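A.B. asks: Before I ask anything, let me first share the structure, which is written out below as structure tokens.
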Amino acid sequence: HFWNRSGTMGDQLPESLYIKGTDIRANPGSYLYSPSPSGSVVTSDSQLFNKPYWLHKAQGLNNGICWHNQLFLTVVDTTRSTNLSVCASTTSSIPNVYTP
Amino acid sequence: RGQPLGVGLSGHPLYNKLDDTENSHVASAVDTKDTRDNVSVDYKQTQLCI
Amino acid sequence: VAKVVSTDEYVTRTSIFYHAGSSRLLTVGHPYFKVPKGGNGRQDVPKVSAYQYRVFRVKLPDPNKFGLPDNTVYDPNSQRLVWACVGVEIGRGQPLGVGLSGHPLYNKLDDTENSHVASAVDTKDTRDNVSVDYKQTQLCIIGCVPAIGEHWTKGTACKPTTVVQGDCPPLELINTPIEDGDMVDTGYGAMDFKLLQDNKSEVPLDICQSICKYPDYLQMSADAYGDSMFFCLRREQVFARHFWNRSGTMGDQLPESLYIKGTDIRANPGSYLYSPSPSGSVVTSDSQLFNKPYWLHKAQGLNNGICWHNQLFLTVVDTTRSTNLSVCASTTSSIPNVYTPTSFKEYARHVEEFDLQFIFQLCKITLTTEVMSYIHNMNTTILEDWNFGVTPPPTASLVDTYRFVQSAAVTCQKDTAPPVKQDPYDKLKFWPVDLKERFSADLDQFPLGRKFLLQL
Amino acid sequence: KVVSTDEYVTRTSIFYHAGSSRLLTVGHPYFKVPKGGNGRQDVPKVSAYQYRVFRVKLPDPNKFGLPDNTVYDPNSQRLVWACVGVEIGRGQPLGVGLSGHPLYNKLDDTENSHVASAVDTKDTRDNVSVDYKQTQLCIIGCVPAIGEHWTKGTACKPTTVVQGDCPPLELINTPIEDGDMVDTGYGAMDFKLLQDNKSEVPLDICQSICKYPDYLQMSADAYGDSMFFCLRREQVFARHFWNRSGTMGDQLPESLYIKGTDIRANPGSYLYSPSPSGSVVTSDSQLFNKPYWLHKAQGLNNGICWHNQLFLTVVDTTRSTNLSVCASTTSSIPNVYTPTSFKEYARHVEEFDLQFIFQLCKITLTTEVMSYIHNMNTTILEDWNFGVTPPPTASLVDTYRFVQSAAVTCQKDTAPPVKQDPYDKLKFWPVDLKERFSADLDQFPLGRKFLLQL
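Protein chains in written order, with the authors' numbering: chain A, 259 to 358; chain B, 109 to 158; chain C, 18 to 473; chain D, 20 to 473.
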């Protein structure tokens with residue numbers, strides 16, 4: 259989704275750009291245009307892994323050799339993405355009329 | 109990798125929204141400094157490894 | 018006959034193989050214009066907003082005259098020397114990214130898509146602030162020479178007479194060489210927008226004062242000897258986001274004959290100018306072309322991939338990265354506790370990063386006569402630039418030269434006069450690319466190279 | 020039975036390239052507007068919603084370059100073209116655009132159906148803009164082609180005919196011509212039958228009529244002629260639903276539902292109507308710019324321009340814009356915006372680039388075959404060589420002189436034929452290409468490809 263964010267321009271408007279209008283359009287307004295990004299959709303396909311990696315050959319000159327017996331594994335995943343909500347009643351009793 | 113899959117949001121209460129410059133529907137506004145809108149949001153799907 | 022010679026029909030191909038590759042290119046500026054700060058060196062914030070055709074004038078060194086000649090491999094004297102790149106992996110910068118462009122005084126009659134209410138006031142200047150994207154697109158063009166785009170204009174009212182203020186001209190289509198930073202057409206105007214709209218009240222501001230082209234691949238495919246562009250790669254997608262009808266005078270009129278009239282506004286139907294809003298669609302990384310070897314073999318070009326004058330014209334498009342960035346900078350050195358935007362000056366810039374990477378084969382070409390001379394007739398110039406019988410040149414000029422400057426008041430002709438052969442594309446802007454050291458044979462040591470070797 | 024043609028059509032080594040340098044034609048979306056003359060000056064109507072039909076003039080090879088009569092005995096043989104290879108080069112970038120209608124009736128929606136007028140009685144109508152299906156077509160033939168289409172049928176018993184009344188219904192087959200309005204999926208029907216309203220649905224088609232091409236017929240093609248190649252591909256969805264206004268001449272039964280009260284006692288509209296729509300495009304899915312040399316057209320015809328006549332068919336849903344010129348009415352623009360200040364205009368563009376590869380066949384002519392052939396049509400024979408296939412003559416009949424008549428036998432007119440196909444009453448993008456015949460082919464991209472494909 260698109261908005262423009264309100265703000266105050268620290269960067270400026272050529273007029274030489276639009277025909278003016280009146281007032282609110284004699285000078286117009288903002289140019290702070292801002293969208294929302296969004297992931298898209300999931301399905302089971304799309305997990306990149308749980309698949310064997312046989313190495314055959316590293317892209318780099320070292321072919322994956324464990325100096326200092328120290329290994330560095332990098333990973334990123336959206337798929338699971340979530341947090342859990344605890345609704346704890348503030349009441350020990352649970353009112354049988356709700357109140358937030 | 110464990111778990112099922114799942115997704116979610118992050119938000120912002122004090123958002124500086126100008127306006128929807130999208131369908132800009134119904135219509136557009138003018139000003140205030142109480143520009144501090146409550147907003148929730150998502151972003152890009154990603155899996156990466158090195 | 019004109020009959021294309023076709024590289025290979027005399028280019029002695031070799032065992033020569035080379036690497037080249039560009040470490041990072043980087044630049045930032047604003048989504049529209051240059052915000053000048055009075056100039057000159059530099060003191061301006063330019064534009065940076067890559068929806069412009071990207072031309073790297075890509076320079077390599079003279080293989081002819083590398084230096085030393087046991088010439089064991091070859092007699093330049095017969096077999097003059099030339100590059101051909103074979104394999105390329107351009108390493109592409111950044112995450113992927115995206116953004117928005119708009120126009121506050123973007124007209125509109127109405128959102129005639131499926132408006133909730135269909136009100137239609139008849140007052141002017143209701144042109145509001147709307148922003149949008151474009152067709153998701155990746156293209157590259159590779160060539161020995163630059164490229165041509167084509168685009169329109171309000172063409173000549175070549176009718177004898179002249180006519181009415183605001184009357185529709187006839188519209189004439191124009192070919193032009195594409196140049197670095199040339200603005201892309203995006204979905205809307207291989208033409209002169211700026212000309213086209215007397216109003217300046219429409220489209221996204223960025224193109225208001227614009228002209229673009231669309232690349233002339235087809236003519237460029239129709240290339241004289243399969244040169245110019247000898248390689249080209251292209252990928253584009255889109256859909257329509259939302260519908261309007263524009264506001265504006267119909268400069269023509271609707272036939273009645275389309276309807277049973279109604280009453281009033283229905284007796285008299287309103288505008289017929291229906292106008293959508295674009296969008297490129299979702300991105301997955303998957304569809305990014307970039308970052309793989311494009312080994313080339315045969316190609317369309319009947320120059321199979323060579324550059325005299327060491328220039329390859331690397332021409333490119335990517336929609337996967339669009340944003341100029343927002344700084345909310347306080348006007349106050351205080352950070353107030355009640356936030357007002359007003360306590361903030363807010364700023365916009367986009368930034369761009371790059372690597373070209375290569376695997377070449379230099380090839381050597383033995384001078385053949387009713388063919389070399391044909392090449393002269395292809396173009397002599399190179400050939401001059403490989404020269405031969407009698408340069409000719411001129412001693413008195415040659416001696417003279419560099420003397421002056423070590424001062425600026427003493428002698429103050431201060432380089433009024435030049436000396437070039439001249440590249441006409443001097444008048445054109447490139448991203449100036451040279452690589453005369455990215456030169457390597459360390460294929461092994463070259464990402465692409467490794468692949469390449471592997472590619473063997 | 021008809022036969023595969025090479026059978027009598029002698030194959031060769033002949034290869035040619037020929038290819039169109041540019042096709043271009045431009046004008047206003049929905050209509051043409053006279054701009055005086057009106058030989059010629061006008062605003063043509065141009066929309067890419069016009070059917071692309073090429074009448075292609077091609078070398079009578081029997082008079083052509085490299086006639087080296089290794090080629091034939093010209094007597095016993097005729098020369099005949101086949102183009103063998105085709106690449107339709109498509110102009111412009113891709114694009115699109117929309118249409119609309121102010122007097123687009125609209126009763127309503129169906130979900131934001133939380134209120135209904137429900138009469139209006141007048142006309143409802145609002146301004147509307149619109150989209151339609153993704154579609155890519157090719158059809159190649161040496162004969163122009165026919166589409167299929169609709170008409171309100173007619174009161175076979177003119178009995179009980181009622182004023183602007185529902186009618187019995189007819190399907191019509193007709194030849195398609197160049198520039199002929201394309202069908203997005205409707206106009207194989209008359210509008211000017213359809214809506215007695217003539218103001219309902221989109222303007223653009225409002226006063227139109229189309230047909231849709233029949234492959235089936237054209238695979239009921241007698242020899243593979245107007246179709247020796249055919250390709251069609253469409254994807255589509257419905258964008259939005261509605262109900263249009265309309266005094267239903269149809270009747271909905273009561274029985275079907277409970278009456279409630281009021282509005283919910285009475286019935287409402289059943290004129291469910293929804294949006295057409297294409298969706299997302301990409302070049303990935305592009306049909307054109309593809310090289311056929313074709314191994315075999317499913318036609319018995321091995322793709323021959325009879326009489327050096329070729330018929331090229333195409334459809335492309337990927338550019339759709341006529342462009343809006345904002346020209347100020349003011350000497351120079353003012354500073355405040357007013358629409359007045361600008362006269363705005365709509366114009367469309369189409370370019371095409373054809374590249375081709377031919378192989379001629381030489382024909383040893385043999386009697387029966389010729390005869391055969393003559394039975395295909397004769398104009399054929401008439402092309403070169405002339406035997407009196409017309410005779411007989413007769414089998415014998417009738418008395419006929421009298422025709423000085425007079426009041427003594429008021430007989431027959433009788434009308435003559437004009438020939439000249441019919442095509443001549445009809446339109447193409449006229450295409451002479453006997454100039455583009457290229458004997459090197461490599462200077463044709465496709466030629467190389469083709470060459471390569473060998």
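Yeah, the Cβ is synthetic: ideal placement off N, Cα and C, and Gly gets one too.
For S218(C), collect the residues of the same chain with a Cβ closer than 6 angstroms to its Cβ; drop the 5 residues on either side in sequence, then sort them by chain order.
C.D. replies: For this step, residue 218(C) is matched to residue 201 along the third sequence. So the qualifying residues of the chain are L122, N124 and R144.
A.B. asks: List, in chain order, every chain A residue whose beta-carbon is nearer than 8 angstroms to that of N146(B).
C.D. replies: Taking the first residue of the second sequence as 1, we reach residue 146(B) at position 38. Going along chain A, no residue has its Cβ under 8 angstroms from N146(B), so there is no contact; the nearest lies around 13 angstroms.
A.B. asks: Distance cutoff 9 angstroms, beta carbons only. Does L235(C) sit that close to anything in chain B?
C.D. replies: Here residue 235(C) refers to the residue found at position 218 of the third sequence. Output row for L235(C): interface = no.
A.B. asks: Just the Cα atoms here: how many angstroms apart are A174(C) and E454(D)?
C.D. replies: Here residue 174(C) corresponds to residue number 157 of the third sequence, with the count starting at 1. Here residue 454(D) corresponds to residue number 435 of the fourth sequence, with the count starting at 1. Taking the straight line from one Cα to the other gives about 32 angstroms.
A.B. asks: Can you look up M237(D) in the DSSP assignment and give me helix, strand or coil?
C.D. replies: Reading the fourth sequence from its first residue, position 218 is the one you call residue 237(D). In the three-state reduction of the DSSP assignment, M237(D) falls in the helix class, which pools H, G and I.
A.B. asks: Check distances from the C-beta atoms of the stretch 340 to 353 of chain D to those of chain A and list, in chain order, the residues that come in under 8 angstroms.
C.D. replies: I352 and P353
A.B. asks: Would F371(D) be called buried (16 or more neighbouring beta carbons within 10 Å of its own) or exposed?
C.D. replies: Against the fourth sequence, residue 371(D) aligns to sequence position 352. Buried.
A.B. asks: May I ask you to list, following chain order, the residues of the stretch 101 to 121 of chain D that have a beta carbon less than 9 angstroms from some beta carbon of chain C?
C.D. replies: From the stretch 101 to 121 of chain D, only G108, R109, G110, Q111, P112, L113, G114, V115, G116, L117, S118, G119, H120 and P121 have a Cβ closer than 9 angstroms to chain C.
A.B. asks: Below 6 angstroms CB to CB, which residues in the same chain sit around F73(C) once its five sequence neighbours on both sides are set aside?
C.D. replies: Here residue 73(C) refers to the residue found at position 56 when the third sequence is read from its first residue. Hits under 6 angstroms: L331, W448 and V450.
A.B. asks: Pair every Cβ in the stretch 413 to 433 of chain D with every Cβ in the stretch 52 to 64 of chain D, then say whether three or more of these pairs are closer than 8 angstroms.
C.D. replies: no
A.B. asks: Need the endpoints of the alpha helix (DSSP H) that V388(D) sits in, please.
C.D. replies: Taking the first residue of the fourth sequence as 1, we reach residue 388(D) at position 369. Start and end: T386 to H393.
A.B. asks: DSSP has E167(C) in a bridge; who is on the other side?
C.D. replies: Counted from its first residue, the third sequence places residue 167(C) at position 150. Per DSSP, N192(C) and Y231(C).
A.B. asks: How many Å lie between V422(C) and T433(C) at the Cα?
C.D. replies: To locate residue 422(C), count along the third sequence from 1; it is residue 405. To locate residue 433(C), count along the third sequence from 1; it is residue 416. The alpha-carbon atoms of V422(C) and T433(C) are separated by roughly 13 angstroms.
A.B. asks: Our contact map puts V21(C) next to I323(C) with C-beta atoms below 8 angstroms; I'd like the distance itself, whole angstroms only.
C.D. replies: Along the third sequence, read from residue 1 onward, the residue named residue 21(C) stands at position 4. Along the third sequence, read from residue 1 onward, the residue named residue 323(C) stands at position 306. Not confirmed; about 14 angstroms, so no contact.
A.B. asks: For a contact meaning CB atoms closer than 9 angstroms, what does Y356(D) contact in chain A?
C.D. replies: Within the fourth sequence, residue 356(D) is the residue found at index 337, counting from 1. Around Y356(D), the beta-carbon contacts reaching into chain A at under 9 angstroms are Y276, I277, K278, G279, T280 and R283.
A.B. asks: Can you tell me whether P293(A) is helix, strand or coil according to DSSP?
C.D. replies: Against the first sequence, residue 293(A) aligns to sequence position 35. Correct three-state label for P293(A): strand.
A.B. asks: Grab the span of the alpha helix (DSSP H) containing residue 476(C) for me, first residue to last.
C.D. replies: In the structure as shown, chain C begins at 18 and stops at 473. Residue 476(C) is therefore absent and cannot be evaluated.
A.B. asks: Are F247(D) and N320(D) closer than 9 angstroms when you measure CB to CB?
C.D. replies: Translated into positions along the fourth sequence, residue 247(D) becomes position 228. Translated into positions along the fourth sequence, residue 320(D) becomes position 301. Yes. Within cutoff.
A.B. asks: If I follow the unbroken alpha helix (DSSP H) through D145(D), where does it start and stop?
C.D. replies: Mapped onto the fourth sequence, residue 145(D) falls at position 126. Per DSSP, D145(D) is not a residue of any alpha helix (DSSP H); the beta strand (DSSP E) it occupies stretches across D145 to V149.
A.B. asks: Please name the residue, chosen from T383(C), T337(C), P410(C) and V201(C), that lies closest to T31(C) on a Cα-to-Cα basis.
C.D. replies: Position 14 of the third sequence, counted from the start, is the residue given in the question as residue 31(C). Cα-wise, what sits closest to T31(C) is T383(C).
A.B. asks: Taking all protein chains shown into account, decide if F469(C) is buried (16 or more other Cβ within 10 angstroms of its Cβ) or exposed.
C.D. replies: For this step, residue 469(C) is matched to residue 452 along the third sequence. Buried, because 16 or more other Cβ atoms sit within 10 Å of the Cβ of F469(C).
A.B. asks: Would you kindly check if the distance between the Cβ of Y91(D) and the Cβ of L98(D) is under 9 angstroms?
C.D. replies: What you label residue 98(D) is simply residue 79 of the fourth sequence in a count that begins at 1. What you label residue 91(D) is simply residue 72 of the fourth sequence in a count that begins at 1. Yes, the pair counts as a contact, with Cβ atoms nearer than the cut-off.
A.B. asks: Please list the terminal residues of the continuous beta strand (DSSP E) segment that includes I159(D).
C.D. replies: Translated into the one-based positions of the fourth sequence, residue 159(D) becomes position 140. Its beta strand (DSSP E) spans residues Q153 to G160.
A.B. asks: Look up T44(C) in the DSSP assignment and say whether it is helix, strand or coil.
C.D. replies: Translated into positions along the third sequence, residue 44(C) becomes position 27. Strand, per DSSP.
A.B. asks: Just the chain C side, please: which residues come within less than 7 angstroms of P464(D) by C-beta, in chain order?
C.D. replies: By one-based count along the fourth sequence, residue 464(D) stands at place 445. The contacting residues are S238 and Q317.
A.B. asks: Going by the CB atoms, is the gap between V103(D) and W312(D) shorter than 9 angstroms?
C.D. replies: Within the fourth sequence, residue 312(D) is the residue found at index 293, counting from 1. Within the fourth sequence, residue 103(D) is the residue found at index 84, counting from 1. Their beta carbons are under 9 angstroms apart, which means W312(D) touches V103(D) by this criterion.
A.B. asks: When we look at the beta-carbon of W403(D) and count the other beta-carbons within 10 Å, is it buried (16 or more) or exposed?
C.D. replies: Here the question's residue 403(D) lines up with position 384 in the fourth sequence. Answer is buried; the Cβ neighbour count reaches 16.
A.B. asks: Checking contacts by CB at 9 angstroms: is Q270(A) closer than that to chain C?
C.D. replies: What you label residue 270(A) is simply residue 12 of the first sequence in a count that begins at 1. Yes, contact with chain C.
A.B. asks: Would you decide whether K230(D) is buried or exposed? Buried here means 16 or more other CB atoms lie within 10 Å of its CB.
C.D. replies: Residue numbering aside, residue 230(D) sits at position 211 when the fourth sequence is read from its first letter. Answer is buried; the Cβ neighbour count reaches 16.
A.B. asks: Can the beta-carbon of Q153(B) be found less than 9 angstroms from the beta-carbon of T340(A)?
C.D. replies: Looking up residue 153(B) in the second sequence gives position 45. Looking up residue 340(A) in the first sequence gives position 82. It is not a contact, given that the beta carbons lie outside the stated cut-off.
A.B. asks: By the 10 Å Cβ neighbour count, where 16 or more other Cβ atoms means buried, how is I195(C) classified, buried or exposed?
C.D. replies: Indexing the third sequence from 1 puts residue 195(C) at position 178. Flag for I195(C) reads buried.
A.B. asks: Quick one, are the C-beta atoms of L113(B) and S148(B) less than 9 angstroms apart?
C.D. replies: Translated into positions along the second sequence, residue 113(B) becomes position 5. Translated into positions along the second sequence, residue 148(B) becomes position 40. Contact flag unset, no.
A.B. asks: Beta-carbon of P286(A) versus every beta-carbon of chain C: anything under 9 angstroms?
C.D. replies: Indexing the first sequence from 1 puts residue 286(A) at position 28. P286(A) counts as touching chain C.
A.B. asks: Short of 7 angstroms Cβ to Cβ, which residues in the stretch 243 to 267 of chain C face chain B?
C.D. replies: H259
A.B. asks: Cβ of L275(A) within 9 angstroms of Cβ of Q226(C)?
C.D. replies: One-based indexing of the first sequence puts residue 275(A) at position 17. One-based indexing of the third sequence puts residue 226(C) at position 209. With contacts defined by Cβ atoms closer than 9 angstroms, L275(A) and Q226(C) form a contacting pair.
A.B. asks: With distances taken between CB atoms, is the gap from residue 475(D) to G183(D) smaller than 9 angstroms?
C.D. replies: With chain D covering only 20 through 473, there is no way to say anything about residue 475(D).
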